[PDB]
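# Coordinate inspection notes
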Amino acid sequence: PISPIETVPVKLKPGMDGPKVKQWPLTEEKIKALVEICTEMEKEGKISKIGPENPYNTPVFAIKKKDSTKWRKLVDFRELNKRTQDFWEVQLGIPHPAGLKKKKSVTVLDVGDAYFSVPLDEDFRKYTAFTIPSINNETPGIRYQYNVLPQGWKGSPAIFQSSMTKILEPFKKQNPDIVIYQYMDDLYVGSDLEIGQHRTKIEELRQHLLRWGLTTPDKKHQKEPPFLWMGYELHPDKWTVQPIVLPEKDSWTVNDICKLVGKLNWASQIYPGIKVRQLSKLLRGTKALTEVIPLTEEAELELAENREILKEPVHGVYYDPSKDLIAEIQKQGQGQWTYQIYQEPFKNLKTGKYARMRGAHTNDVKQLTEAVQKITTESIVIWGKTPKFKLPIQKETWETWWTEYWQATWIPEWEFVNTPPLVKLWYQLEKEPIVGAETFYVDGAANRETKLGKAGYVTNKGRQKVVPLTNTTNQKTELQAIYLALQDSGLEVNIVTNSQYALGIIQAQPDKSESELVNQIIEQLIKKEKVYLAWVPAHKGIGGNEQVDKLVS
Amino acid sequence: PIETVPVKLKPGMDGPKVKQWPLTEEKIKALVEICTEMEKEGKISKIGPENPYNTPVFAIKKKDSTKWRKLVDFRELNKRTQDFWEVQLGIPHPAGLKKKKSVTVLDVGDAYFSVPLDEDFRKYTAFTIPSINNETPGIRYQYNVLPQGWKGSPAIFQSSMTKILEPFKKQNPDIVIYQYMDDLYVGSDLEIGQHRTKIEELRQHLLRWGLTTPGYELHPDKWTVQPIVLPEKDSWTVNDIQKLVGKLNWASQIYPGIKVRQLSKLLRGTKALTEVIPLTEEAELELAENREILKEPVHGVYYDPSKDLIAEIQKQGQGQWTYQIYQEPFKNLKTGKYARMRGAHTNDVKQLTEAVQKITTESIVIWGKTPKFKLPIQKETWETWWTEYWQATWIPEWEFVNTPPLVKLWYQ
RNA sequence: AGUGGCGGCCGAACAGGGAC
RNA sequence: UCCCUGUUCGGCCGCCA
Ligand SMILES: OC[C@H]1O[C@@](CO)(O[C@H]2O[C@H](CO)[C@@H](O)[C@H](O)[C@H]2O)[C@@H](O)[C@@H]1O
Ligand SMILES: [Mg+2]
C-alpha cells in the first residue's frame, strides 16, 4: 500500500547524482542475519526489490550488541549524505528537566521503529539502493530500495520531527489542557486530570497515533517515577541526576580525568558548588590520552571536597509560573562561581557554574557580570523570563564600576546579599598626578629576532634602572618596565609609559590575570597607597620618556 | 492577481541561514499571534524541514504602543540581493532633504502586506518562531508577499508608490519625499503647525490608496557638530602639557596643520609631573594657531557612494556619548554627541540603543545608507537586552570593539 | 567500518580591529 | 612581527537510536 502520512519532498544537491560504492567484506556470522531482516522489513513493507535499472548502490553491514541477541542494521550513507541537500534542523536544543511545570499525571511513551514509520519521498527512494548477498561469495545477490526513512540518512531526524509535528498538531487543539512535549522518539504527555482519566486520554492518544501508523507498546514502564530519561531521575514532586560513580584509582591517567571532569561538570546542574578549576588545570598541556599525570596538592584538594558534596543525594523542584525567579551567586575563588535558581527559598530549581577566565586579565566585577549574562540566557531558554538576582557585590561598588568603565555594562534588576566573600574593587588609579611622589618615566623595547630586550625607568630624582631580558616580547618588556617602577617606588608613585597595551590593561582594575607577570603588577598596585598612571606618545621628545627609550633599545 | 517581478540571488551566493536566538515568553505569545492572523489572511504560509533557510525574527514595541510590532532580521538576506536593489531598481537620494527645517518619519510597512512575491524567492525569507525550553519544534513560516524589513520590497514597490504619491507631489512642489525600506521621510520648509497639517494631508491621501499608517519629527537644520576641544587654562602643569601634546599628536592625523615642536621644548627636562611651567611665546603661538585649525572642517573629505559608512561610538561618562561617522580613517564625515537621553544615569544599554538608533536616522537622511556600527560593549550584553530598548524598523550591521581610551579626545 | 545530537578535550583554516 | 577579540572547519573519550 502507499503511505498513510504525507510525504516530504527531497532533492539532491544541484548537479550531483546518486552514490556508487561497492560493499565491504563481512563474515558469514553477520551476513546470515541481514537477509532475514531484509525480508522482515520487506514483509512489513519498509523495502522493495529492484532490477538493475538503478545504477546507484550504497553499502550495508551490521553490529551485534554484547549480552544481547538483537542486531543493529547500518547503512554507509556517507556518499548519499555528501550529496543530499542541506536541511534546517527543527531541533534547536534539548529540553531540561528543571523547565517542566508541575502537573498531576506524567506518562512517558516510546515510538517503535520511529524512523521506519515515515514515507521516504517516492522520487528519492532511488538513491537508497543497496545490495545484500546471502553468502560472502557464492550468491550474486539482490537489490532493494527504501520505502521509509532510513536509520542513518541526513534528513531522517530533521524530517521525522517535522511530520510528527503535523501529527500531534490537531490533537493539541483538541486537548488544550493537556501538554505534549516532543523530543526525538519519546513523548511526554502531562495533564491535570486524575490518574484514572489520564489512562483514558493515554488510550485516546495511543489510538490517535495508531491512526497514523505509530505503535506505542504497553511493554513500557507505567506511571512509576523515577522515570529514567536523558540520564536523570524525574520523581513525582522532585527530580535529580542519575547517581555518579567516580573512578577510584590509585594511579590516574588522562582518560581518567577527562571522563571524571565530565561527570563532575554534569553533577553541577543540581548539586551546588562543585569546583573543577585545578583538576582541569592538570589537563591543559597534555598530549597523550593514556599517559599518567599526578594530581597536585590543589588538584588533590579539589577531588576530596567535591567527593563530599556528592555524598548526600540532592534534588530540585519544578517551575511555578506565579512565583518569581530568584537567582543567587557565591564566589569560589580562583575565578570560579556557582549559582542556584529557585522560587521558594531552600527549594532549588537548578544549580550551575561559570568559570571561564574570559579575557587575559579580568577582575571580580567583570567576572560577576559575565556570570550574570550566562544565568540570564540559561534562564531565558528554560523559563523564558529574566530572574531576580541576589548578588554579593555592594550596591555602591557596582555603582562605581559602570559609571567609570568605558564599555557600556548593564545588569537586570538585582539586589545585594552579604554572603561573604563580597566582591569588590582592589584598587583605584588616581585621576590627578600625585604631588611629592617620585615620577617614573618608563619604557621598554625588544628585538623580535633575538628576543632580547630591556625594561627600565628614569625618574625626576635622577634614579634610573635597566634590566636585560631573555626570550621576551615587545609587549612583555613594556609590561615589565612598569613592574620595575612599582617595586622601586614608595607608597605614592607616578608612572609615564608610552604603552597603549599596558595602560589599557592596568586601567581596567584587573585583579586576576593568566600571565604570571600581570599578577606581579596587580599585587604591587594593591600595596601602593596612591598610584597615578599616564600615557605620553612615543618619539615626540616628551621629557625623559624621550630619554629612557634610548636606554632600553 | 498581480504579476510578480522575479527575484534571484546575487551570483553564486546561497540564501541566509541564521540561527534563531532564544526569546522572552512575552514576545513569543505576540509573534505566535501576529502570524496566526497573517496566515489566516494568507500573508504567510507554514513550511517544513525541506526548507534549509531561516532568518531571525523577534518583537519590538514601537514607542508607546502596547500593541506589538513584528520585526525580522534581514541583514544576511539583505546583503545577498545587493545587485538587485543597488545596480538595478535602486532609490536615488534627495541631497536637499537634509536642508529642510523639519522632517517627519512615517511607517509604510502595511503597504508591503499586499503586493505578491515571486515564487522562486519565497524560500529564502523563511523564519522560525521559537518555543520555550525546546518544547515544540520551531514553528517555521515563510513570506508569500513582499516582507517587512527586506531591502528588495521598496525597490519592487517604488512604481506603485510613485503613482499613489503623484497627486500630492504636484500639489506641494517645495516638499521633499524620500523612501527607505519600511520607512517614509516627508520633508517641507513649512512651520511645525502648518507642517503637522501637511502630514495629516499625506496621511489620508495615502490612506485612500490602501496604506494604513500605524509624530516622529526630525529637524536636520538644527543639527550640531562636535568640536575637537583643547583645554583653556591659566596655569599649565608638566602633566597638563603631556596630555595636550598627546591630543595634538593624536590629532595631527586628521588636520595636517597642527604642530607640537615648540610645546615639546617646554618639556625638555626629566621633570616631576605636577611642576607648573611658563609657556614660551613660541608655544603660546603654537597653542593658538592650533586652536584655530580646529575651527575649520577637515580638508578634502567628501562622501564616496561606493564606500560603506562606518560609525564609532565612545562612552564619555555621566550619560554622555560621542560618535564619529566616516568612510576612511581620520577623514570624518560627521561628529556628534548625545546627553542624558532616555535611560539616563540608570541604564547604559538602553542608552546605546537610543544612541545607535538616533545615529542611523542621521545617516539615512544625509546619505541614504545605514552606517556600520562599532559598538563599545561585549557581545552577550548587547544580544541579551538590545531588542527590549530597540524601537526602529530597520537594523544596522554592527561589530563589537574592545578599545580603551588611549586618548579620551572628543570632549575631555 | 552509519548518522545526528549532548557533555569533555585538543587544535586547524577564514575574517575583524587594534600594538610595533 | 605582536596581542586580544570574534566567526568558520577539522582529531579522541563519555551518552542516545
Ligand atoms: O552581533 C552579530 C551577530 O549577529 C549575527 C546573526 O544575527 O549576524 C548578523 O550580524 C552580523 C554583524 O552585523 C551581520 O554582518 C550578519 O550579516 C548578520 O547575520 C551573528 O552571525 C553574529 O554573531
Ligand atoms: Mg619605546
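Residues numbered from 1 in each chain as written, not as in the entry; some residues may be left out. Chains lettered and ligands numbered in written order. Heavy atoms only, no water. Residues with missing side-chain atoms left out of burial classes, pairs and counts.

Chain B carries the name Gag-Pol polyprotein in the PDB entry, which gives Human immunodeficiency virus type 1 BH10 as its organism.

Chain A is annotated in the PDB entry as Gag-Pol polyprotein from Human immunodeficiency virus type 1 BH10.

### Examining the interface of chain A and chain B
When the parts come together, some accessible area is lost, and that loss is often what is quoted as the size of the interface. Stated precisely, the cut-off is as follows: Any two residues whose heavy atoms approach within 4.5 Å are treated as being in contact. Secondary structure elements follow DSSP: runs of H or I of four or more residues count as helices, runs of E of two or more count as strands, with numbering from the N terminus. When residues are grouped by polarity, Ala, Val, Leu, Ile, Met, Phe, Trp, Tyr, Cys and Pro land in nonpolar, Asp, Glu, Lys and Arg in charged, and all others, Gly among them, in polar.
With 68 residues of chain A in contact, the opposing surface of chain B contributes 64 residues. Ranked by residues supplied to the side of chain A that touches chain B, first place goes to helix α8 (residues 364-383) of chain A with eight residues. By residue class, the composition of the side of chain A that touches chain B is 35 nonpolar, 28 polar and five charged.

### Some details on the protein's contact with RNA strand C
We apply this condition: The cutoff for a nearby residue is simple: one of its non-hydrogen atoms must lie within 4 Å of the molecule or strand. Here a polar contact means two N or O atoms within 3.5 Å. Within protein one must be a hydrogen donor candidate and the other an acceptor candidate, and residues neighboring in sequence count only if both atoms are side-chain atoms.
The local shell around RNA strand C holds 20 residues, among which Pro25(A), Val75(A), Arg78(A), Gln500(A) and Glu399(B) are the closest. Sugar and phosphate atoms represent 71% of those atoms of RNA strand C found within 4 Å of the protein. Within the contact set of RNA strand C, a base nitrogen lies 2.9 Å away from a backbone nitrogen or oxygen of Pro25(A). Here a sugar or linking oxygen of RNA strand C sits 3.2 Å away from a polar atom, N or O, in the main chain of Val75(A). Elements represented by at least two residues in the surface near RNA strand C include exactly β3 (71-75) and α2 (78-83) of chain A.

### Things to note about the sheet that holds strand β19 (residues 452-459) of chain A
Residues and elements named next belong to chain A. Here is the rule we go by: At least two DSSP bridges between two strands are required for those strands to pair. Axis lines are fitted to C-alpha atoms, over the contacting stretch for helices. Their N-to-C directions set the angle, which ranges from 0 to 180 degrees.
Pairing is mixed across the open sheet formed by five strands, whose spatial order is β20-β19-β18-β21-β23. Across the chains shown, the open sheet's two edge strands, defined by having one partner strand only, are β20 (464-470) and β23 (530-535). Averaged over all pairs of adjacent strands, the angle between their axes in this sheet comes to 20°, without regard to strand direction. As paired elements, strand β18 (residues 439-446) and β19 share seven bridges and run antiparallel to each other. Bridge pairing in β19 links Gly 444 to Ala 455.

### Quick word on helix α11 (residues 500-507) of chain A
Residue and element names in this part refer to chain A. Heads up, the rule is: Three labels apply to residues, based on accessible area from a 1.4 Å probe with only protein chains included: buried if under 20% of the type maximum, exposed if over 50%, partly exposed otherwise in between.
Listed in full, the buried residues belonging to α11 are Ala 502, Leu 503, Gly 504, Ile 505 and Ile 506. Residues of α11 that are buried sit in contact with β15 (361-362), α10 (474-487), α12 (516-527) and β23. Phi for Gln 509, located one or two positions after α11, is positive at around 40°.

### A closer look at the site of ligand 1
Residue and element names in this part refer to chain B. As a reminder, the rule being used: Accessible surface area values rest on a Shrake-Rupley calculation with a 1.4 Å probe, where residue burial reflects the displayed protein chains alone. Domain delimitation follows an automatic or database domain assignment.
Around ligand 1 sit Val 18, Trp 21, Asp 73, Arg 75, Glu 76, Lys 79, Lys 379, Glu 383, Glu 397, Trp 398 and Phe 400, and those are all the residues in its vicinity. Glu 76 places a polar side-chain atom, nitrogen or oxygen, 2.3 Å from an oxygen atom of ligand 1. Here an oxygen atom of ligand 1 sits 3.4 Å away from a polar atom, N or O, in the side chain of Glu 383. Protein burial of ligand 1: of its 470 Å² of free accessible surface, 73% is covered by the chains. Looking at the shell around ligand 1, the elements with two or more residues in it are α2 (75-78), α11 (379-389) and β11 (398-400). Residues of the shell around ligand 1, tallied by class, amount to four nonpolar, no polar and seven charged. When residues of the shell around ligand 1 are assigned to domains, at least three fall in each of domain 1 (6-95 + 121-161) and domain 4 (304-410).

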